[PDB]
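So here's one chain in two forms, each on its own in structure tokens, numbered structure 1 and structure 2.
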Structure 1
């Protein structure tokens, strides 16, 4: 019956504000947000006990009433915010299998991705030696991979339509984390204001409208006499089989949501990580070199990198993992909700509690890591040079709801990162201030804006 302690009754600096209460109230503390009961879980032990040991009872999401404006319904919840049940599980399993069939785990996708990587290197080379922000090109190359798997196509980097889409996307994930958002969610009555309605999800509504245009084009070009060559076709073919089934989540309202969930995560998570990687590589030249040495030793500058190389590349694998750990791009993951009463670290957490997993607190757990607040590839290495992955490596969270795109993310990071470091040497532009290793918090945590020089080898 013991409830977790907490203060009794910020939105842009949420991560660090929680770290404050952690040292004060402990690793499992309660907190009051509007009318909504929230419990924050900190450190591996508490997150693991919640998401794994009590996995069945914490795999639900908080109701989010605003998503009604985006056409959400019982059988239309996408994957991310989908309530725990049939609509969630059908889409979740569909995405996981469909990715696999499309070539995830095969040289098929491997060779495609490493081809977009070549497009990325040519875009970089076109800056000659001049300083530039690598973010936009990172977003394009990484969007194309997920666009290809879901939408059956890539875009040219100079494509106007593609640019409006990446912008709407970026500006939309911003709206995922808002003060007003939490307001209309704990107070669902506010949606009844048609004037106030529009402005809530300005960009997300507009992103879905742009995605609709692409999906419509895609219905026209689809050859249903052929095995589906991407996720949208596979979805469309299920949608056909389900004509007459009001229970199926394969409906038109859910196609735009599912593809929005997958496209946006497949883009903003991975490229932001890579922006982190490139920033850490110019702040730590010694590390950048030691990676390039391994690349040469194992691959040379002849052929494109392959996933078969990662096995024999423990240092590069280390660095990439440490980028994720240090970069820490999703400090608070995605909220969960208890669907049942549970006990965590000795405290009672009632059914219906909003659970926040503090992934930052696990990734930078001072008890687990040698130098939690430093960029230290040896966190994933031993004295012998072998790669080790500590249990506290949870940038993808844990449980029934853990990132379904992790295998895609891992192959993208390895191939893009190695390809870039295989062909370029990155540096802070002479005469410019040393860039902050601190990050700026949107919904995600991104590096603070920086430029670099990229000179070929």
Structure 2
């Protein structure tokens, strides 16, 4: 069939100089259509735009697009056939076993005695107190959001939290944010292309220094956890559940439940739901000071449904359509993973008539879905009524895809939904946020990366 169109491919760089990225893709979408091609050096890339193209790839051809592009340099971090974690894992048994394990263990810890909801609610309390200490004084809330969000994951993985001034905790969070920067590095591409370049010890020790440091700090914490683990009792957290599975899997070279995969799985879970959920909440609080009237309606609904003392529960959401709409609109407008996470075709597939060869790198332009002018009333405005009808009922459009879609859709979404609702309501239940008098109106345009964060800003949190 016909291959997707695209700008003229230069000899060596191809379309590398035709892309400086979501803004640039919008122009290409308006010039070549919703499915265009790109030649990024050695890698053949097809960009998918709009709900239909994205759905057709990830749902209709879900079996064939659930794979990841190979990342050879992950060998430095100890990746192997039965140890690929979940996030970057190739489509196959190693991915599926860990995927099913994480999803089911989240659910098991989730239901019963609401361990998840309890850990979040309790961490929300700490976040409130830490906010109270920063009162009467403008302050960036990002650091506190990272910590509270990080503690929720630590609670699920290792069954503990860390104090906000814990030295090892800070180093962990610091190493994690530096590591994220290392993923968007130019040297990553060269070494992924030619794996034998890693046989140079000079280079190998430079590639993922912050990644390796992060995994080292994590190893130390895992070792402590293995000491306190009581195998005579039902697993209290995901790491214990993993360790129990490891015992049963002794003698089985096919199991992905092993030492090498434990640190990778934990690192995937710990980080993927630390910079995403926290950035979303950082967007949330920014949008609340830019739109004080929206903030007041939320706080009003909080009082009408929950009050100003009793801690919020997930059962309250069903009776809080407006707050729910606001949170959704934060994710939509926030648009924090505009190009999602790359997929790869494991077979020859067909998208929007065009042909996609096997082994093609797929980019899901999630931004083009969340900001679709054909779907949303005013997609470039912060507008909670994107999820409300005239009667005030919450409505969720098909195009709400911040967690992507299909087999590889965010496994942490249920937890994320929980963290977002409980942290947001709890903060707005006890605080009123506003721009600091004397300071310029903070921009609503984010700083582009693999993850789009709000521009740096300060705020005032006055108690209620």
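Between two forms, the rigid core is the largest collection of C-alphas that superpose within 1.5 Å. Numbering follows the first chain given and starts at 1.
Put simply, after the core is superposed between structure 1 and structure 2, 189 is the one residue in 122, 367, 189, 311 with a Cα shift of at least 2 angstroms.
Residue 106 shows a C-alpha shift of 2 Å or greater between structure 1 and structure 2 [criterion: core-superposed Cα displacement of 2 Å]. Aligning the rigid core leaves the CA of residue 265 displaced by 1.3 Å between structure 1 and structure 2.
Core fit done between structure 1 and structure 2; CA of residue 178 shifted by 2.3 Å.
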